[PDB]
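>>> Below: the sequence, then the experimentally determined structure.
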There are 4 protein chains.
Amino acid sequence: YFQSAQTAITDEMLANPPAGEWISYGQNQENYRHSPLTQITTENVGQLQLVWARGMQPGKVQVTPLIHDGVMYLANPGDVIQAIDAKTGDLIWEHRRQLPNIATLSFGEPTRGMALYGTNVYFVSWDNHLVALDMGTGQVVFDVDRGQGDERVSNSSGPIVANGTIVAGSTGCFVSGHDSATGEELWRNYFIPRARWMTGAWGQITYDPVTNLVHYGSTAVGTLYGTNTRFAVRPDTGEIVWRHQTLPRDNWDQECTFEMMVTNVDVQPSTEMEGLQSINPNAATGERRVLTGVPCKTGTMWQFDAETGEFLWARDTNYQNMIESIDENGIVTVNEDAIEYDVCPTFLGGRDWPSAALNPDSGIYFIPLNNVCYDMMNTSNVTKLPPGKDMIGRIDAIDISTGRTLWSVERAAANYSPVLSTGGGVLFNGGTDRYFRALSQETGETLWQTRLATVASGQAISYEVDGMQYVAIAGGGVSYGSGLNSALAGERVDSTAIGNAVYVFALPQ
Amino acid sequence: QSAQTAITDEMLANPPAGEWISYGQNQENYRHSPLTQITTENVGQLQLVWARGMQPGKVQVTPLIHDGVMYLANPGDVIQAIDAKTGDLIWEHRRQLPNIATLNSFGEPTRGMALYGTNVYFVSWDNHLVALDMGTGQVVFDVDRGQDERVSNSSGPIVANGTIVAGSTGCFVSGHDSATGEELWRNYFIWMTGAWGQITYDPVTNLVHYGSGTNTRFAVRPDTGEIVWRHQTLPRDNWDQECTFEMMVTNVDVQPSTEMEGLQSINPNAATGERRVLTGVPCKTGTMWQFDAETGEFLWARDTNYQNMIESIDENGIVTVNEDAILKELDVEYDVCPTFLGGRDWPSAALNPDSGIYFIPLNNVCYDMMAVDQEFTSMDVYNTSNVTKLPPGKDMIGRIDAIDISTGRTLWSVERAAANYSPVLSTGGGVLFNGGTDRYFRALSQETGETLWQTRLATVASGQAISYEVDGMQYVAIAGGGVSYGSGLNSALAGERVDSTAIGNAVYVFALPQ
Amino acid sequence: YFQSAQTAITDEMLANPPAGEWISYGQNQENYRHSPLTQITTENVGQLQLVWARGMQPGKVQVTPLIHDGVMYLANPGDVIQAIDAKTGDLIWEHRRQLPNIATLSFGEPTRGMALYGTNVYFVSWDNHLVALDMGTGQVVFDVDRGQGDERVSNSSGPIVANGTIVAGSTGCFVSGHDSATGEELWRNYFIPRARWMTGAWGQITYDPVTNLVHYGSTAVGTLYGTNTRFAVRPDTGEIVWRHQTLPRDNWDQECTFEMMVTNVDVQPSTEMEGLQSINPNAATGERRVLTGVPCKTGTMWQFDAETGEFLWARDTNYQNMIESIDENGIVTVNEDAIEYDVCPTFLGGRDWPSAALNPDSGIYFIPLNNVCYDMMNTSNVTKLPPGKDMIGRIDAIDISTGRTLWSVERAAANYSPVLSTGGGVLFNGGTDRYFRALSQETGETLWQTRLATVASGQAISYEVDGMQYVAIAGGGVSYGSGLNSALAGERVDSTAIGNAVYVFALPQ
Amino acid sequence: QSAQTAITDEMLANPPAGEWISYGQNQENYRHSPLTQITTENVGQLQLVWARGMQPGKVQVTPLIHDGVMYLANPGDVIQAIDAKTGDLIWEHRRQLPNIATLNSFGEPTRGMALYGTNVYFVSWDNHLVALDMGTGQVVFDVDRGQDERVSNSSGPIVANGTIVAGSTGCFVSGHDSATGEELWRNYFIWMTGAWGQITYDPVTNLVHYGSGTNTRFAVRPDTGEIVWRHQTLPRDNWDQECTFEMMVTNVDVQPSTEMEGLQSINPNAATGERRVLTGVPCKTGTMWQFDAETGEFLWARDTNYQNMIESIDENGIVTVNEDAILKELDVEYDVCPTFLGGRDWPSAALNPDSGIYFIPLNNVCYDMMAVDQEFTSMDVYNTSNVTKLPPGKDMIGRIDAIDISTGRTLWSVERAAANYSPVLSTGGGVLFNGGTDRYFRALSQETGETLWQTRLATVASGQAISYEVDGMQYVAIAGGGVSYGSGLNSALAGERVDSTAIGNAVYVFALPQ
Ligand SMILES: [Ca+2]
Ligand SMILES: [Ca+2]
């Protein structure tokens, strides 16, 4: 079950990957989650067929497939790694790591996110080993332990490549650089000085090749320094260039550790920005390289200068009440009331790990959200809907230049699935209701849907083989966000958890 | 509108085109959807409308549809009612089963359930006849057939004039009350160790046909079980070549050409002109037969797949086995065709009634059978090896033969590398659907056999495709999983592997873009 | 992995089996456990070599192998049934019953004891099914349930053939006759009228073809009728011809259910019989067909008329104090003191399931025993040694004509292993100390020993292939009797439990 | 009497005949017991004295014996002291291991431990050097070598002039302090991904020999690890044919006949007359070599098993590989001999020093190696098949070649059907002991190769036979279990199976009737 090859992936390649491939977690290193491919447009997306599906191992499916040179690399729950013909669905090889039993939590935990570099596939194992497999055969190139004990420190977002260095987080409590050839540790940074869900940068890590900076976030666990903090570090040495705390007094497990994206924007924040918390009145206006996105579950969209971390603006998305205000320098003041009384949002967020996408060409950011609040208390659960809100699942389209909401669309069932932007002005998203849906980037209108065997829980991607654009997504398991459907009073949501699979769609052509 | 109607004999005898309420859509077992929205011209446009995850284990199931609901048997006797257009679960019955590997292993899959009144009927894994309320999945009646172990069911129960009837897999066939389940009769086989296959009720002649002493076909009355006629289709069987497979009752101008491919024997007398007929291939051997549906008079017989278990066939019903194929002492390469999974097996054939074309899923496959003395002592102990291989001039396993039932002549035959081992579905738009061991779900032209469209399921495409209608839209549905005996046939492919994924169990439903 | 054959076993064959075969549990149907083979004698037994061994499944090994026509039939723990070339140790076939989990209790419970009849091997499964396999292929001929529920009623001694009928006990609470071709039940007898270890005839059942009577015992659970009772029934109908209670007021779980043997003897009981409890003074003297042996753990040796159950004599073996006296008709009076105070023997007996043997030619009975008592209370356990007794393991040789002890030999380590008599005047026995030993029937002297990988826990047998006499025994697991070694103050006993195997020995020749 | 003596270098260099205190009985690794009580005349009388159950897993172990005690490594690093004459357990150390399948899989078996002072030494599965007290099994020292995962040990540590030394399986060889375990040196290989095999210390020349850049033999000083000489025995290796196998140091009148079977090359210059020598077959390939023990000057080289990985061999140490055997594109049947388990592997050879006869366990075995294009796209993906088969004219796998080390000529060669894959033991009574994949434990005549006696173990007879003495009685001991890679070779046997039982793990000890 082997291939040889080529086309060995350099740092230059990761910095300018082929339009038709998906070789970083967000396809480009600055993230975005945007396929520049254009065959599938709004006019024809309603014709999309299933080309092929393949069954995956049971467990939570949160995976972003990678495609290189016509090969799909697919991490299954339980550290089963597969390489599949990305046009036909024929298995090439499969590598099963021997585990087993009880570490950090119908089978496994997500190994969602892998990296390609040189001729290796890299992932962090359920027991915290950095592991490199050969692309051609699935054979182990190296297996190195990052922990000591053993322990119960894990990792779910996975490693990324940053200028030859392999960088990875945790779920002790640090981010670490590693040698791409040996896997030996080059540096580690902890988050918190020396004197409640997941803890310690298990979110997505973003490398910008232009400024040569790696960006990661910490979680909670004075302001409680440096909890829930965004860090911009150099990749070879881990040195810290700039930081900023996005949520100080966190009593709600809001985990400011999700993907932030680096891009060029005309910085032109509007005072009519919805959910506006604060615009720095001393910041320049005009073209600028920027770090922007929603880092925390609480839903605040921020923009910083990428390089200096100069604060630009901050703004609400989902209704929330943990944050009383943010000043002119982006210092957050938490609502001490919550730390009468309806806490919004939840510990499953307005947002959570399911990633936002950015269309770089129009500068629209698309974030999958959930309208949900806590509660003092079909059958019963801890959550409830925010005031005057009908539906739970939501996607918000926001202009990263002005901060103005372009549109905002909802459906009853919880979302809790990533979105994928494409060059054809169409946006894909799954969801807790098993639906895989195509929306218009222009309007938010649904142009196409299918329905998967399970919750449409994983990251949609897009790639090309022989001129055909493909769109793929997995795949299933039990989703924390399907439990959000308890707040729905008018309908049960059929969140089937068994039947895991990856699915690949295409124009009939 | 949304009225959820009772199912009567009569609805069973005359189904609306949009429904699939008998195992084979009609009681006569054609497996033909008369719907036409999907044609040879547009089938290429088919989209996935919805899928839904099923329980793990092997999927050999034929869903039933009635008034917008899909009723679907999952392995482990989990029964589901699913909204047929959207995939919304309506209800799910999980029957408390004692323990797996206490029951018959061959009873893991459930192929068929029956609909009657407002109940769904299945025979459990622990050999009970169970009736669930269509509205809710709550138990209406649970009735023990007897278990003194490892006796279950495979192909499902049917309705025959207000009477529930099922086989078993190990001998039994029984008739039951449709409101109570009480046993009304019992016919004994002593294959005689199982009437496990599909049972076919003709509401015209009031005759029930099942397959078995040593492979005989039986025509019994549904009220009493009284044997009206019978016929032995493979006598000295030395290869588990059961003849319990679905036979079809149809009217057809019987004018059998003497040019039948694989012609074994027609007849002197005979008749011609027709004739309500039982026909099809009942054995694993792949021999196609024809009888008078009410007398069981022999009409004609032909070969489909290559075989050599049958020497000749006299003009009256026969059979005389080829002795060259029987392993009797010793140490020599025996070539036996086909295999224990045949060229043909449970995966059902379809017949298009309008065209008179019979569509049979096959496998080009043989084995070398050698028994070799281990040279132990004290004892003459032997090892016996069955290596599977392709027949004389075949590149490909897995095939569909379309055959005219009037002439007995072959319309077309198409192959592909991977084992098929999957049922076929005929629709009124001139398209034929078939699964396969390679995960692919394909639409074929009924005219030419050409592949017009395919998609690939997450698992082996192992269950029966059906078609139905909701609000004027035609859907095509199929499941969906597990490990298949058919997958093993691919070992005969030299070098190339076929990705027969077992995990990922699901039912899928396709339709034209609306 | 198959054979065909022949030599189909009739009732006539079971009644007069070949000297060189072992086709009933005790080789002949009347039990005895005696190989009429003569090659191995006292003069040459010291030369015995290992010919072959084969590994068995883990779990308790209590098995009596069967040999027919050069084939060994061997029941492994967990209902794994093997047929092995009995001269070479080559596996022919193996049948694994699919079980699993928790029923009546390093893997399985003993399926010790199987029967051969016609061309089938019969056993009762761990979940109480009567199961018939073809001798040639290991294929299931029939599998029928004897219970209803399911339950927790099991069986460990196994079925026997009695004139075409298959008879079997339990561990609800009855003995049952079954059809040899279909396995359907023909009759069942319960033990106890309608108004604490194992309960309900899980001991060995004895069929006499001469009187056509089946003999079985009940366990405990007024005299408490009919507890701990010996029953003589007809095989086709189960009808009860005679009975006798061997231990009425049982508060010690003494289980009068072990093998009793049917033989012709010159009835000539001596008043100088050791441990003498009672001789019926009204019973005839002279040649007579008799039922004799030790049915209960408490060690009393009885003799009855086989046919009428007329009581002949009763006599102690191991020291005991549960029984105050037995009258002239064999009615037992229990010592109400125990029901100050050292209760002898134990619940693991003087005797337990490990079987006695009888040499029919000299009329000596050989019983493996254990000198052990309870206690009011190396490390610690519930047991202790009886007054003035040094060693735990013991074998007693008793004349069944006079009741007089011929000899009695002991060793420190607990015995708890069956004995096998042979025609060459040598007696085999294993033990809790891993030793497999050959004793002189004349003297009790040890003439030969080897040492097995594990406790020598199973029944030794003997058979012939091509003129060579073979002696075989298994095999291991955790033995209840190895726990008896706690009462040893001067030495630990190395009772290795892992390494299960059957072993076959022979003269070098 | 019962004095339990300390082991010094010197006792190690000059073992009493009755003891087995170095992996191969003597430091020079002959695996020869000089005891004579057991002879070719009476070995047929051998009785089982005692056995004892071992932990499950694969048994490749060589027990050590000293002053009446057997020290025995069980899989899972359970270490036992057993009374050597009776089988009474004395003590058992169970090391708390983190979790299986976190450690190197190839480290499951432990072949060797070392004795020194009053401690037993082993390298753990988790790559620690551990010293246990001979008296008790209590831990004296536990020292971590480094683990950054899946690095363990296989063949055991040795003593070399007060220095503990071991390889690994993935590169490392290291020297340690005998009282503390502290690392005293480290030699790096970058097979170079493992010096996993047996390591041979010569106390005469003070030289340690292990097998590896690309398969070279190394002679290092025990104090410092300083490489004194080296030699590459298989350069362009394309078949995992490691050369880490035991080589032997012996004095031998070097007069190599030019009639050596499988003669590759002798020499012009050379010397003759002898010479303390390193010799034996170091590769899986089965090529027998000879060097000066102190210079590593090349002397001669021959073939044992059939092979074609080696083309030719120049008169100076060579090697030049046959290119016909390297799989380079495509679609053709490659015949490569031997296999990845060779004709030779870890199972050790024995040398009788008095007779100068070298006794090597082999396997007549080859494979057909074909790579076939799957015709995927996009990608050129291949399947690669290794079917195992017998060599040109062989009926039998599994063999012992006895070869004279002075002449290089073959004394005898005997075979049997089943794979061997088991070490050999030479004794001073002129008998050779060998296990096997067929469970049989056999004594051979060193004179003729004839089988003089056998018994059958409960499992594959997979570990090394040794011999020792207690109170004047000679014992022969061997274990004892698990699943063997060698068992797979039997697939090349057509029809006949060999009963390679994996469960039943044990050590057995035999002796003459007393
Ligand atoms: Ca069958
Ligand atoms: Ca290696």
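Right, received. Where do you want to start? Residues are numbered from 1 along each chain as shown, chains lettered A, B, ... in the order given. Ligands and ions are numbered 1, 2, ... in the order given.
>>> Give the pairing partners of whichever strand or helix holds residue A:292; include direction for each.
Using DSSP states H and E, residue A:292 sits within strand A:286-293. Each strand that pairs with strand A:286-293, with its direction, by DSSP bridges: strand A:261-267 (antiparallel), strand A:301-305 (antiparallel).
>>> so how far is it off the chain centroid?
Using Cα atoms, centre = their mean, to the nearest Å, the distance from the centre of strand A:286-293 to the centre of the chain it belongs to is 19 Å.
>>> What of stretch A:238-249?
From the chain centre to the centre of stretch A:238-249 is a distance of 19 Å (Cα atoms, centre = their mean).
>>> interface residues of chain A facing chain B?
Counting by Cβ under 8 Å from any Cβ of the partner chain, chain A comes close to chain B at A:46-58, A:88-91, A:434, A:450-454, A:476, A:494, A:496-503, A:508. Heads up, the C-betas are built off the backbone N, CA and C, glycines and all.
>>> And these, which of them are buried?
Of all those considered here, the ones buried according to neighbour count by 16 or more other Cβ atoms under 10 Å in any protein chain shown are A:48-58, A:88-91, A:434, A:450-454, A:476, A:494, A:496-503.
>>> Give me the neighbour count for residue A:328.
Around residue A:328 sit 12 other residues, with neighbours defined as other Cβ atoms under 10 Å in any protein chain shown.
>>> How about the one 5 residues further on?
A count of neighbours around residue A:333, defined by other Cβ under 10 Å, yields 13.
>>> Show the contacting residues for the residue nearest the centre of chain A.
With the centre of chain A defined as its mean C-alpha position, the nearest residue by Cα atoms, centre = their mean is residue A:355, 3.4 Å away. Taking Cβ atoms under 8 Å, 6 or more residues apart in numbering or on different chains as the definition of contact, the neighbours of residue A:355 are A:26, A:31, A:33, A:204, A:258-259, A:368, A:418-419, A:459.
>>> could you dump the residues you listed to CSV with secondary structure?
Output for the contacts of residue A:355, formatted as CSV (DSSP: H, G, I helix; E, B strand; the rest coil):
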residue, secondary structure
A:26, coil
A:31, strand
A:33, coil
A:204, coil
A:258, coil
A:259, coil
A:368, strand
A:418, coil
A:419, strand
A:459, coil
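>>> Neighbour-wise, give me the winner out of those.
If you count neighbours using other Cβ under 10 Å, the busiest of the contacts of residue A:355 is residue A:33, which has 30 neighbours.
>>> Around the closest residue to it other than its chain neighbours, how many other residues sit close by?
Excluding the flanking residues, the one nearest residue A:33 by Cβ to Cβ, 6 or more residues apart in numbering or on different chains is residue A:357, at 3.9 Å. Neighbour count of residue A:357, defined by other Cβ under 10 Å: 31.
>>> separation between residue A:357 and chain C?
Residue A:357 sits 49 Å away from chain C when distances are taken as Cβ to the nearest Cβ, to the nearest Å.
>>> Quick check: which of the strands paired with strand A:286-293 is buried the most?
Most buried of those by mean neighbour count (mean count of other Cβ atoms under 10 Å in any protein chain shown) is strand A:301-305; its value is a mean of 25.
>>> Need the contact partners of that one.
A:230, A:244, A:246, A:260, A:265, A:267, A:269, A:275, A:283, A:288-295, A:310-317, A:330, A:365, A:367, A:398, A:400, A:403.
>>> Any idea which residue of the stretch 351-500 of chain A lies closest to chain B?
Closest approach between the stretch 351-500 of chain A and chain B, counting by Cβ to the nearest Cβ: residue A:499, at 2.2 Å.
>>> which one is residue A:501 nearest to, not counting chain neighbours?
Residue nearest to residue A:501 in three dimensions, not counting chain neighbours: residue B:458, with 3.8 Å by Cβ to Cβ, 6+ apart.
>>> Could you report the separation of that neighbour from chain D?
Taking Cβ to the nearest Cβ, one finds residue B:458 at 19 Å from chain D.
>>> Now the phi/psi pair for residue A:182, please.
Residue A:182 has phi and psi values of phi -110, psi -20 when expressed as degrees, to the nearest 10.
>>> quick one: it and residue A:132 touch, right?
No. With contact defined as Cβ atoms under 8 Å, residue A:182 and residue A:132 do not form a contacting pair (9.4 Å).
>>> So for those two, which sits in the more crowded spot?
Neighbour tally, residue A:182 and residue A:132, criterion other Cβ under 10 Å: the higher count belongs to residue A:132, 25 against 13.
>>> tell me which element that one is part of?
Using DSSP H and E, residue A:132 sits in strand A:129-134.
>>> Can you give the strand pairings for that strand, parallel or anti for each?
Strands that pair with strand A:129-134, judged by DSSP bridges, come out as strand A:120-124 (antiparallel), strand A:140-145 (antiparallel).
>>> And the helices in chain A, which stretches?
Remark: helices of chain A, listed N- to C-terminal, are A:11-15; assignment by DSSP state H.
>>> Who are the contact partners of the residue of the stretch 351-500 of chain A found nearest chain C?
Evaluated by Cβ to the nearest Cβ, the stretch 351-500 of chain A has residue A:498 as its residue closest to chain C, separated by 23.1 Å. Applying Cβ under 8 Å, 6+ apart, we find residue A:498 in contact with A:58, A:106, A:454, A:476, B:53-56, B:505.
>>> pretty sure residue A:178 contacts residue A:184?
Yes. With contact defined as Cβ under 8 Å, residue A:178 and residue A:184 form a contacting pair (6.6 Å).
>>> neighbour count winner among those two?
residue A:178 (23 against 12).
>>> how distant is stretch A:150-161 from the center of its chain?
Averaged over its C-alpha atoms, stretch A:150-161 has a centre that lies 15 Å from its chain's centre (Cα atoms, centre = their mean).
>>> buried sites along it?
By 16+ other Cβ under 10 Å, the buried positions in stretch A:150-161 come out as A:153-161.
>>> List just the nearest of the residues you listed to chain B.
Each of those was checked against chain B using Cβ to the nearest Cβ; the closest is residue A:156, at 22.3 Å.
>>> Ramachandran angles for that closest one?
Torsion angles at residue A:156 (phi, psi; degrees, to the nearest 10) stand at phi -130, psi -20.
>>> who touches it in this structure?
For residue A:156, the residues meeting the contact criterion (Cβ under 8 Å, 6+ apart) are A:62, A:109-113, A:171, A:202.
>>> hmm, try it at 7 Å
With contact set as Cβ atoms under 7 Å, 6 or more residues apart in numbering or on different chains, residue A:156 has these partners: A:109-110, A:112, A:171, A:202.
>>> Of those residues - the most surrounded one?
Across these, the neighbour count under other Cβ under 10 Å reaches its highest value at residue A:171, namely 25 neighbours.
>>> Looks like it contacts residue A:197 (just checking).
No. With the criterion set as Cβ atoms under 7 Å, residue A:171 and residue A:197 do not qualify as a contacting pair; they are 9.5 Å apart.
>>> what's the neighbour count on residue A:285?
For residue A:285, which is what you asked about, the neighbour count (other Cβ under 10 Å) is 10.
>>> residue in the stretch 201-350 of chain A nearest to chain B?
Among the residues of the stretch 201-350 of chain A, residue A:348 lies nearest to chain B; the distance is 22.5 Å by Cβ to the nearest Cβ.
>>> Buried among the contacts of strand A:301-305? Make that a ChimeraX selection.
For anyone working in ChimeraX, the buried entries among those, judged by 16+ other Cβ under 10 Å, can be selected with:
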select /A:230,244,246,260,265,267,269,275,283,288,290,291,292,293,294,295,310,311,312,313,314,315,316,317,330,365,367,398,400,403
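>>> As PDB, could you dump the C-alpha coordinates of stretch A:253-266?
Extracted in PDB, the C-alpha atoms of stretch A:253-266 (Å, rounded to 0.1, in the frame of the first residue of the first chain):
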ATOM      1  CA  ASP A 253     -14.000  28.800  30.900                       C
ATOM      2  CA  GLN A 254     -13.900  31.000  27.800                       C
ATOM      3  CA  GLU A 255     -10.600  29.800  26.500                       C
ATOM      4  CA  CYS A 256      -9.100  32.600  24.300                       C
ATOM      5  CA  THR A 257      -7.200  30.000  22.300                       C
ATOM      6  CA  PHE A 258      -8.900  29.800  18.900                       C
ATOM      7  CA  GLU A 259      -7.500  30.700  15.500                       C
ATOM      8  CA  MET A 260      -6.700  34.300  14.700                       C
ATOM      9  CA  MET A 261      -5.800  35.200  11.200                       C
ATOM     10  CA  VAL A 262      -3.100  37.500   9.800                       C
ATOM     11  CA  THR A 263      -4.000  39.600   6.800                       C
ATOM     12  CA  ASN A 264      -3.600  43.000   5.000                       C
ATOM     13  CA  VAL A 265      -6.500  45.300   5.600                       C
ATOM     14  CA  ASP A 266      -7.600  48.900   5.000                       C
END
